[PDB]
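J.: model this:
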Amino acid sequence: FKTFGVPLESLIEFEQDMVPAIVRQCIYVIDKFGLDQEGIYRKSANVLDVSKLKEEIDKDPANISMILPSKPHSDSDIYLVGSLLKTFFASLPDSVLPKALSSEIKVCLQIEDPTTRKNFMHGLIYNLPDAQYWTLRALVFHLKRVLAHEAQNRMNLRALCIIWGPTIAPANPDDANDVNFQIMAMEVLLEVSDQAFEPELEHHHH
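T.: Numbers count the residues shown, from 1 in each chain. Have a look at this structure:
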């Protein structure tokens, strides 16, 4: 049972919440230990450390336990988990925003009116199948938390879209080398997330 390089659909049969265990785990680690870490996601962990952890998880899905930072934790273990999460999305056979949405994404990106643009993207998001919908929701909420902590992590919106856009969004169908298409798709996605996805549940009853 492999984790990386397989369709997102095939991973969520185990999960009642429809987000793969590896994605939940990595986000938990960065949420708890990494939101204030300078250069989180901008820092590329050692490719050999990403590979070792990747391969261990592919051998046994129970090895997502290894993603939790062993005590005492180090900066580089946290960087590693960020790079691992990015590699997960990059290794998916299809983009989490599917290639088939390219044309409708192109249409979306020409719309000058912001309200029209976000409602348009909402429609695209609402129509995603479950696996993509719930997984994209978890990742987008996480990335917005990262942005909320910019004063410490020094990640601006555009840097975050350079890092994540080519991983999440499909390429320009009319131009394979245009990096701005995926970057802009990522910005519109972040902008719309407040209205496109239901909020995470609130845990305070004191």
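J.: Helices of the protein, start to end?
T.: Taking DSSP state H as the test, the helices found in the chain are 8-11, 21-33, 47-59, 75-91, 102-110, 114-126, 130-148, 150-153, 157-168, 179-196.
J.: in the fourth one, what counts as buried?
T.: What it means is helix 75-91. Along helix 75-91, these residues count as buried under the neighbour rule (16 or more other CB atoms under 10 Å): 77-89. The C-beta positions use only the backbone N, C-alpha and C, and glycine is treated the same way.
J.: Which strands or helices does that helix pack on?
T.: helix 21-33, helix 47-59, helix 157-168 (3 or more CB pairs under 8 Å, 6 or more residues apart in numbering; DSSP states H and E).
J.: ok, the spatially most central residue of the chain to residue 161 distance?
T.: With the centre of the chain defined as its mean C-alpha position, the nearest residue by CA atoms, centre = their mean is residue 139, 4.0 Å away. Residue 139 sits 13 Å away from residue 161, taking CB to CB, to the nearest Å as the criterion.
J.: Now do the contacts for the residue nearest to the centre of the chain.
T.: 23, 27, 89, 96, 168 (CB atoms under 8 Å, 6 or more residues apart in numbering).
J.: Kindly recompute the last result at 10 Å.
T.: Residues near residue 139 by CB atoms under 10 Å, 6 or more residues apart in numbering: 19, 23, 26-27, 85, 88-89, 96, 164, 167-168, 189, 193.
J.: Equivalent analysis for residue 62, please.
T.: Shown in contact with residue 62 (CB under 10 Å, 6+ apart): 21, 56.
J.: For it, give its distance to residue 175.
T.: On the measure of CB to CB, residue 62 and residue 175 end up 43 Å apart.
J.: Between residue 139 and residue 161, which contacts overlap?
T.: 168, 189.
J.: one step back: so which of the contacts of residue 139 would you say is closest to residue 111?
T.: Nearest to residue 111 among these, counting by CB to CB, is residue 189 at 14.0 Å.
J.: and that closest one, how many neighbours does it have?
T.: Per other CB atoms under 10 Å, the neighbour tally for residue 189 reads 26.
J.: give the contact list for residue 138.
T.: Here residue 138 is in contact with 17, 18, 19, 20, 23, 24, 27, 197, 200 (criterion: CB under 10 Å, 6+ apart).
J.: can you pick the most crowded of the residues you listed?
T.: That'd be residue 20 among these, by other CB under 10 Å, with 25 neighbours.
J.: Now do that residue against residue 64, distance only.
T.: From residue 20 to residue 64 the distance is 9 Å (CB to CB).
J.: again with residue 49
T.: According to CB to CB, residue 49 stands 16 Å off from residue 64.
J.: same question, residue 203
T.: For residue 203, the distance to residue 64 - CB to CB - is 23 Å.
J.: Of those two, which one has the most company?
T.: Applying other CB under 10 Å to residue 203 and residue 64 shows that residue 64 carries more neighbours, namely 20 against 5.
J.: Skipping its backbone neighbours, what lies nearest the more buried one in space?
T.: residue 25 (4.9 Å; CB to CB, 6 or more residues apart in numbering).
J.: Residue 107 too?
T.: Per CB to CB, 6+ apart, closest to residue 107 is residue 120, 7.5 Å.
J.: Please tell me I have it right and that neighbour contacts residue 113.
T.: Yes: at 9.5 Å, residue 120 counts as touching residue 113 under the criterion of CB atoms under 10 Å.
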